[PDB]
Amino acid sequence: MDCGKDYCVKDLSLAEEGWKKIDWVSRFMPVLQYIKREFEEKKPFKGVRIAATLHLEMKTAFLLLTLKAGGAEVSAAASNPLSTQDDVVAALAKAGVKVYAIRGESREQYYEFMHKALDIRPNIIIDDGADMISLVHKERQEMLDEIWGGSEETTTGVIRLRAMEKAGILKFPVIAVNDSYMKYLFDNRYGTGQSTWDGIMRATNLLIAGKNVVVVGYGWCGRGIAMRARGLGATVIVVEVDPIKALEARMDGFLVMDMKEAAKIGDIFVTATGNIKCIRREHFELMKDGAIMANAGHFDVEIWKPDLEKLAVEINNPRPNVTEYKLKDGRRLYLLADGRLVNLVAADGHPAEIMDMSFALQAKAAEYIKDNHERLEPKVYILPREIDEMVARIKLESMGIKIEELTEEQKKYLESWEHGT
């Protein structure tokens, strides 16, 4: 531990490798590059203090450095104990971000470090999973009045915060960044679709083609995971609790059945529900020898590990990010990444170009809070759609794509009723 008042990291001497990772991914993040250039000229966060709980790898680092280049004083804590990249965090510490995170930290350290990040007395909180916003309401009420607002990156976080609002406990405005179009249609679907399979392949070196792949949940993440599994040659089976989404999965060409039926025939299981105990004791009891299980949802409760432990006569670790649960009849079941987001724990998270768009929205949400806090209520808001459209337009221009535009005649037609057959 290289720990001080301003940071706590595993080893500062890793910083040089961290910088290479940050410099690499930033070359492929044009929207955030555009924003950073604007932030550098206008310094909109001069005097502003920002605390962030995010997955601390390269792309996050580039967002945090973008906020800092806009004048912000920035602190950071891990969103997940096992998603932190120690070399990237050393680099952030060297850049003057007040970061407290060590890969594999305990649950107690996780909370201690999050408290240290809060010690900056933030005006803006950027969160991923809602633990930091939740922690401020539960244990750090003294600084509610300093806080202009928070933004939340993920589906699980937004559900928590909307529940806080309904119960009348939310004390400051929150931007649900997850609910922007340029987030959930891209990150949740295309990002998770690719990076889940990157993580699974990386941990296992197994063939995806000709496998029965069971995807639990057919929301934005699940449909991305399913689509990319099919793209890699798998036979995909979807498990859902919503009848409309179940039918969508069928029409998309996938088998649909319940969790017990899927447990009997799955080779690889991926959860993307954001829910608790989607796979549990009775499913593990049905699984084939050698079943691989991974979780893409935010918290490690989707696949219920206490149930696996109770069934197991031995728990082994045959590979990094593979835990073997050997059962009484000799079947071996494999859990990847200790049941935590497999894309972030067994790989490098979403690809750079996806987090570009998500984190461009995050940067703009911070700016929106700065610019609007005095007129917002303690409620959950969504960014105006004009920000989504601006992010899409910068991205399209960076790809060299020029699209058609609506003529005036066309706009008037679409606002008319008289033009029938």
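When you see a residue number, it is the position in the sequence shown, counting from 1.
Participant: Report the stretch with the higher mean CA temperature factor, choosing between 232-240 and 155-163 on the basis of the entry.
Facilitator: According to the PDB entry, the answer is 155-163.
Participant: Hey, which bit's got the bigger mean C-alpha B factor in the entry, 339-347 or 139-147?
Facilitator: Averaged over C-alpha atoms, the B-factors run higher in 139-147.
Participant: From 283, 223, 211, 115, can you pick the one with the highest C-alpha B factor in the entry?
Facilitator: Among 283, 223, 211, 115, the highest C-alpha B-factor in the entry belongs to 115.
Participant: Going by the entry, which of 195, 275, 134, 188 has the most elevated CA B factor?
Facilitator: Top of the list by C-alpha B-factor: 134.
Participant: Looking at the C-alpha B-factor of residue 33, is it in the lowest, middle or highest third of its chain?
Facilitator: For residue 33, whose C-alpha B-factor we compare with every modelled residue in the chain, the answer is the highest third.
Participant: Which third, lowest, middle or highest, does the C-alpha temperature factor of residue 406 belong to within its own chain?
Facilitator: Highest third of the chain for residue 406's C-alpha B-factor.
Participant: Name the third of the chain's ranked CA B-factors that contains residue 199, choosing lowest, middle or highest.
Facilitator: According to the entry, residue 199 has a C-alpha B-factor in the chain's lowest third.
Participant: State the tercile, meaning the lowest, middle or highest third, of residue 266 with respect to the CA B-factors recorded for its chain.
Facilitator: Residue 266: CA B-factor falls in the lowest third of its chain.
Participant: Compare the C-alpha B factor of residue 356 with those of the other modelled residues in its chain, then answer lowest, middle or highest third.
Facilitator: It belongs to the lowest third of the chain when residues are ordered by C-alpha B-factor.
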